[PDB]
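Residue numbers (PDB author numbering), protein chains in the order written: chain A, 2 to 526; chain A', 2 to 526; chain A'', 2 to 526. A prime marks a further copy of an entry chain. The beta carbon of each residue, even a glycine, is placed where N, CA and C say it ideally should be. Note sheet for the following structure.
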Amino acid sequence: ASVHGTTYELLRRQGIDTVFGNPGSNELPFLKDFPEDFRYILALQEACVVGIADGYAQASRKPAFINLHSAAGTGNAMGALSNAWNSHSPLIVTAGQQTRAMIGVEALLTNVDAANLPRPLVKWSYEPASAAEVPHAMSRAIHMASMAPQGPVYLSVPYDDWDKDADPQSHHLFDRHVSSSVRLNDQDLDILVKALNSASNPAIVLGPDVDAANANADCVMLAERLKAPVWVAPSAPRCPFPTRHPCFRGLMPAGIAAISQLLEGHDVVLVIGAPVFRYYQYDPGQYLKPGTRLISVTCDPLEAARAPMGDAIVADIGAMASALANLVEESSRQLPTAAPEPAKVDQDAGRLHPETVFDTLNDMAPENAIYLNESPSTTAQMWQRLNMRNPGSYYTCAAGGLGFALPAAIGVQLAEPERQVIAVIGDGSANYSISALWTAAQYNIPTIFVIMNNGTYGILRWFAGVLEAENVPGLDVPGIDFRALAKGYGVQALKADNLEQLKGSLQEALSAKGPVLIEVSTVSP
Amino acid sequence: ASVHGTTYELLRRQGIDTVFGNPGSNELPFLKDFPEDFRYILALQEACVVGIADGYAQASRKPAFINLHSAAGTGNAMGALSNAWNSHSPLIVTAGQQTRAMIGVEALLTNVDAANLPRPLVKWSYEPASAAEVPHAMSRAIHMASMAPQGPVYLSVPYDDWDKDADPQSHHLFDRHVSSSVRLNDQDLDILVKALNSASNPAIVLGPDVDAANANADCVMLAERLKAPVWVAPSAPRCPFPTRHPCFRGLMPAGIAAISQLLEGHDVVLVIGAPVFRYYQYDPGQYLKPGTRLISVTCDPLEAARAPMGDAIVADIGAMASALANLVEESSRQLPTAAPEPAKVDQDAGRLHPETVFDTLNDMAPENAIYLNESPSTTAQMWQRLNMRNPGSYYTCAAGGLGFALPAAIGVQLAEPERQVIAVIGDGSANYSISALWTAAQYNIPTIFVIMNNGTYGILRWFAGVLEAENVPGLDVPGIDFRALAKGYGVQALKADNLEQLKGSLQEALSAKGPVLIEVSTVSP
Amino acid sequence: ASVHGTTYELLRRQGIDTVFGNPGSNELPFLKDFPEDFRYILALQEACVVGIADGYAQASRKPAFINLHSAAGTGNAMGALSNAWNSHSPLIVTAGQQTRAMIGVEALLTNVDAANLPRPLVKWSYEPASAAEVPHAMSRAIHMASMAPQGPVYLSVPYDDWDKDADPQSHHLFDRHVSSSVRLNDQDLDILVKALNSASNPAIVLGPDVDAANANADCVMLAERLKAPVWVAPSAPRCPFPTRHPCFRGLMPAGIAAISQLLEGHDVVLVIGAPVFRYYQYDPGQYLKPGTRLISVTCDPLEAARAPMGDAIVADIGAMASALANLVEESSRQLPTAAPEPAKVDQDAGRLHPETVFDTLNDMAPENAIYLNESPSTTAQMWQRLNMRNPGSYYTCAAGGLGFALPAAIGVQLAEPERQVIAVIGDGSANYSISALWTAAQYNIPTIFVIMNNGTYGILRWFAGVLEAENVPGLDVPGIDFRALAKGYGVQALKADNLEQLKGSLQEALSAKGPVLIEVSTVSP
Ligand SMILES: Cc1ncc(Cn2c(C)c(CCOP(=O)(O)OP(=O)(O)O)sc2=O)c(N)n1
Ligand SMILES: Cc1ncc(Cn2c(C)c(CCOP(=O)(O)OP(=O)(O)O)sc2=O)c(N)n1
Ligand SMILES: Cc1ncc(Cn2c(C)c(CCOP(=O)(O)OP(=O)(O)O)sc2=O)c(N)n1
Ligand SMILES: [Ca+2]
Ligand SMILES: [Ca+2]
Ligand SMILES: [Ca+2]
Ligand SMILES: [Ca+2]
Ligand SMILES: [Ca+2]
Ligand SMILES: [Ca+2]
Ligand SMILES: [Cl-]
Ligand SMILES: [Cl-]
Ligand SMILES: [Cl-]
Ligand code: NA
Ligand code: NA
Ligand code: NA
Ligand code: NA
């Protein structure tokens, strides 16, 4: 067998059947004779390729496979890799290298010092020392991406390797099963359970790894048993809990003092599947107030090490959430009462308040919709106004890197063909990966893109006003016609300049058989 | 003085007056109180920011300053940095970091292990250990970018550093002059000159560092004195010689055997300002035939070390070209005869042959036009058909990374406001940095963009046919309306479906007062 | 509180009370006011410092703390770090950096790009961005070293940080508990147990992480229940099983074909706490024969990913070994019969055969002795001839790096003051870290060093004979007087030129109240 044949057999035996790519010449020998049982999803720029694969991996809860072109292709994807690192997305990034005979002379398209290029944003990065090692290196990439804590990996392959003979002993790679589905030993788990049972006023904080593990329902049972309020850890990349459940208390503010104040009076705070914590703004104060102790369950040693407070347990979130939910006592305390519904903001017949947009989406979207967010000045509103009952219903860029939601919404919609995906994206953010629209058109992936057009990088204007920073350049983005951009890439386009038009456009989009972009004129901040 | 004030004084004293950027929150304290004497050029995605700055630096022959947002902003620019590395572009890339107080906890937008992120594509990469060190670190970045061999550098700055007090001894940085304008010692230069004077059939090969040094005219004098044919080294990022001078012989094929065959019978081959060599295709054979010896003058130790043949001298290209041109004897051999003009390809009233497009550009463009190329299947034709008399008249992506020419053409046009820039970009390539169009619209930088629309990644289809590679996916890019994309970003748009319309559209574009995109329907390969 | 006071409080609260070091000027501000409750163990060269700390950590089963001087001190320790990486040794390596005010100018003793220096041999490497971050960074170092898979970490600290004010919120670091004591979820553990219970001819292979976890006794119970033979995985850094237990089958040969042949006919092979596998010699063949399947339990994702065959489970070795030993059925198969005692090699009244030396050590040493090995040509003999009943009874360099056993034997003896440590070290190996002897003298740590003097790098001579490699230089090491070297560093020295003198010297050494070196004249290979 050839290295090409052996590698595609390994991929299919490990459950991979789709290649997200933007091709180049070092990849032609890999892509030739492309197997009939695989699909290839083309995107026009590499941030788009990796963003689509990332949404696909996060929603499917399995690894996604990417093929990029040498150093420049890899480099164009590195902002996307920053997000994938922070979301623990299991991405297998492959890039083609020059033929081994011309690496030394640094021929055009040689990826120099290749394994160092994506660092520090990957768990593992490697170029094999011979062609026959390629299947084994690919096996290592598959398992490194997939083991907890999941994350992106990188493999560089010289283009001449694919046609070489494989090692016949590579067959032992095909069916390897590798598990990290582990939980705390019985004695120490009993100690933890006793501490939870004994708490007088416990609180629960959940992060994205809960949704990645599909541990949401177990966390619902855990919060019901403990009769405990549930927050979402700050800078949330996913939604880990039904947002209208009586225990839900919303997204935590991303500040040290704000969080310790919120948790004041809670004697035990159990954090599951989050860093402790992904603060953002500078809000100095106490990490916890007196009387509060924190216990973190995380799948990631790097999270456990860097927490500035609390105890930690490094284990699988699915296994731990299931065990805790089934072991704790039913508390006799009263179940928390549900948060009140948000107020209706006054809306005239002009430009839309973000609050109006979210209320209208919530009124009109299916109960199993999936939302993406890259409208950063409106995040708090979005979290208050969308009822998200089910797992896998929210994604936003985990490292703050713009250009995620537009392509990721296409990959999520590919992963969940029966759940309507609705991406809510600011006018500034929409440009970073605008070419991803073409992929939705070409493959008829029926994502709805809602562009919040206020003409500015609104959150930066806000922060600048806060800092009392005068004379900051570069904060306005006038003069972009998003309906023309959508036309450019083959996506049906609608405009909503007021509420009547928003409702009409959403009705049209929801009925449509293909992707739709709605440009919404929103109020300037 | 503050670190902010001291750093902008250092920049202005070192000749920097423009910031190419896409802003974020870690950069607001740098950008606040932006000095009245500086300009800020916004682009909507970081590959575009760096591509614009790169064209500006290459055409201006001085360093360009870039400000990006943390890890994701830096990562989105890394494909652009791959090209800048191979073109020796003097780019000072700065990125904002989180406040020092929250780096440890890895708050959102912390750039982790920051200096390793852009490696291996930068000459120097650093994050200072204290706020007062920031001006000195910026000084190091300026000189590292600017010293031969020029190249990109990276500096990460925590956002809280800018408001801190500067060291008063930082004033010694402001007026430092650092020179690398050096040439081979007299004794060994005399040996070199004697070898050139004695050669019976010398040849000259020129690379991009000749154009970067503005050594073109000296190389003309050198070739006239030696009566020697002149080629351009393969995979040429710039044009180093007038393309209708009698000595000019065109772009070398990027193959080992092809080059040794071309040079056969030339006893001494003098290479100036190029790697030896930037081969691309696999074309195995002899590096040089018997009877040919090679001597390379390069500004880059890494080029001298990796050449597989020949002697080398590491020195400044401007200083060496000037000295050689003024020291060699006038040979009594006959001056080489000019290459014949290219043939006119038969053209019907339908889709345009690339040859027709280039002949028409050459007929209609000013004699001081500047061209950019990211239409890779038509490069050989372009080089044969455009008379480029002057320095600084051609740019193409030096590492093969697409998404360079569109933004770089805007930076070149900003650098050379009296020279009409015309970028010839394939339909595939145009998408990578499509959002850069907005910058040309907003600042009214009157670049002309000629999109060669053949519906496919034509060069890859060609290579696949060569490899006899069947069933390669992802090679076609149907369904893109480039006039709509241009409308989307505010750029006037024209279409040319035949020669009559091409001529008309070019006449309109050349007269226009702003940027113009022409979508040309070209023949499918 | 100062950063100095806060950091020593964090260390003591996390159980650290000893600093292994070789001091320099960047470390004086850390070492000043050294706390009365801490000890400092000086060694004269940094490979010795880290080797002593490594033996101490491995035997104590807890992290050891090291303080080295800047880049040169760190660099001198990097071979020692290679071994620590492969043995999963929890080492906290700190190095002093220049004052922040002179880092920029690269004053003498600046550690440039410090965090990159020990890569790739550390789990985590870091330099803090401010003085107040130092305690948090130290907390991260402690937990990164200590979490499974354990390993070395590196922290660089500018010398001016220690006297600065600490953050009062650093107190939340002091009592953090972080656990990785996890095991496979119940459902999948039941599947594993059923597979073991059902096997017709199971085999067990144990590696060093079993001994690190003190899982030895549980593995004895597991092998007794399954009635299964037990091997030690190749290139063994520790002994994980009593070597005269009836199930014990010895050290596996470090070859692909040799191992698959050994395992032929075993239907299920359970590997615990080892890489799969640490092969050494090139011995190509099948990874496993038909009919054999392999299941690996490892604490290290990097081991699970790179195994070329078998399934894997990433979990804590102590927790998994305990659970398996207590869950499996008692098999009705007959218990394996003990290996026969090794033969007595003929010995004349001249130079000693290695076999004689090991038999005499086994006759004379206490039953709770601890052995170290850096006599590589005699390893197989050593493993056959020493009855090691207890855990923690054997150490050898896990990455093959010489200079480990001499200093490590001093740290093991410091960790286990009531167990006589006996290091058996070749004449070649003894030189690498010869200065470590001084530490044993100064602190009166009563390690016994047995130098096997055959005048040559015997294993290399052997391999060269195998390769039929003629004319290899540098394989002989004549002319070293080890009794004089021991005198040089204050250690009592004895010589044994024959068996009578070996017995006498061992009797004297075993009674001695301090360290003793015995130079043994062994037969030339
Ligand atoms: C790749 C990248 N570049 C720049 C930024 C900085 N950035 C930028 C430019 C923002 C503006 C978002 O503008 P928008 O129009 O999408 O939304 P709002 O108007 O709601 O702020 S928010 C932010 O952090 C970033 N996060 N990521
Ligand atoms: C950043 C990046 N991604 C992918 C490629 C691979 N690539 C690709 C996709 C090419 C197709 C260019 O298509 P085009 O339409 O611009 O021009 P032609 O039709 O003349 O080939 S040429 C080439 O090397 C690349 N060079 N750089
Ligand atoms: C730090 C280092 N340098 C060199 C070697 C190479 N090496 C060397 C030099 C060996 C010779 C050991 O000689 P010895 O006298 O200690 O023992 P033998 O005579 O039993 O081989 S075994 C081996 O792999 C090494 N393993 N580690
Ligand atoms: Ca409603
Ligand atoms: Ca906006
Ligand atoms: Ca003409
Ligand atoms: Ca094309
Ligand atoms: Ca005996
Ligand atoms: Ca020896
Ligand atoms: Cl257990
Ligand atoms: Cl001179
Ligand atoms: Cl379980
Ligand atoms: Na009202
Ligand atoms: Na990198
Ligand atoms: Na014709
Ligand atoms: Na005998």
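Test item: CB-CB of residue i and residue j under 8 Å
{"i": "A'/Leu252", "j": "A'/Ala344", "result": "no"}
{"i": "A'/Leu438", "j": "A'/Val492", "result": "yes"}
{"i": "A''/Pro408", "j": "A''/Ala513", "result": "no"}
Contacts of residue i in chain A' (Cβ-Cβ under 8 Å)
{"i": "A''/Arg101", "result": "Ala130, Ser131, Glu134"}
{"i": "A''/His137", "result": "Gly105, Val106"}
{"i": "A''/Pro169", "result": "Per Cβ cutoff of 8 Å: no residues; A''/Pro169 is ~13 Å from chain A' at best."}
Nearest to residue i (by Cα), restricted to the options the options
{"i": "A'/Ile460", "options": "A'/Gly97, A'/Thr379, A'/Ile67, A'/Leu328", "result": "A'/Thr379"}
{"i": "A''/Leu415", "options": "A''/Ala142, A''/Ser430, A''/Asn432, A''/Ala442", "result": "A''/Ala442"}
{"i": "A'/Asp284", "options": "A/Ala258, A/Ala108, A/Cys398", "result": "A/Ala108"}
{"i": "A''/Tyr160", "options": "A''/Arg101, A''/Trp125, A''/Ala146", "result": "A''/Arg101"}
{"i": "residue 599 of chain A", "options": "A/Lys496, A/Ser525, A/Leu511", "result": "Because residue 599 of chain A is not part of the residues shown, which for chain A are 2 to 526, the question remains open."}
{"i": "A'/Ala308", "options": "A'/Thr448, A'/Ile296, A'/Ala316", "result": "A'/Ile296"}
Residue i: contacting residues in chain A' (beta-carbon distance under 9 Å)
{"i": "A''/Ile104", "result": "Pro129, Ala130, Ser131, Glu134"}
{"i": "A/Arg120", "result": "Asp114, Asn117, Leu118, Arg120"}
Residue i classed as buried or exposed, judged by whether at least 16 other C-beta atoms fall within 10 angstroms
{"i": "A''/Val206", "result": "buried"}
{"i": "A''/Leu336", "result": "exposed"}
{"i": "A''/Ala81", "result": "buried"}
{"i": "A''/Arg245", "result": "exposed"}
{"i": "A'/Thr75", "result": "buried"}
{"i": "A''/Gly466", "result": "exposed"}
{"i": "A/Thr357", "result": "buried"}
{"i": "A/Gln59", "result": "buried"}
{"i": "residue 1 of chain A'", "result": "Absent from the model: residue 1 of chain A'. The displayed extent of chain A' is 2 to 526, so no value can be given."}
{"i": "A'/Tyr396", "result": "buried"}
Three-state class that DSSP yields for residue i in the structure shown
{"i": "A/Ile257", "result": "helix"}
{"i": "A/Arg184", "result": "strand"}
{"i": "A'/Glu330", "result": "coil"}
{"i": "A'/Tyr9", "result": "helix"}
{"i": "A''/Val272", "result": "strand"}
{"i": "A/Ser522", "result": "strand"}
Under 9 Å from the C-beta of residue i: neighbouring residues of chain A
{"i": "A'/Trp439", "result": "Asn432, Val478, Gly480, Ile481"}
Neighbouring residues, chain A'', relative to residue i (Cβ below 8 Å)
{"i": "A'/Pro408", "result": "Near A'/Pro408 there are no residues of chain A'' at all, since even the closest Cβ is about 31 Å away, more than 8 Å."}
9 Å Cβ cut-off: residues of chain A'' touching residue i
{"i": "A/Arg184", "result": "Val183, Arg184, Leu185, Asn186, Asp187"}
{"i": "A/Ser180", "result": "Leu185, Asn186, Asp189, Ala305, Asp312, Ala313, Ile314, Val315, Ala316"}
Where residue i meets chain A'', residues with beta-carbon distance less than 7 Å
{"i": "A'/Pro474", "result": "Residues of chain A'' passing the Cβ test: none, with the nearest at roughly 29 Å."}
Residue i: contacting residues in chain A (beta-carbon distance under 7 Å)
{"i": "A''/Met253", "result": "Per Cβ cutoff of 7 Å: no residues; A''/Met253 is ~18 Å from chain A at best."}
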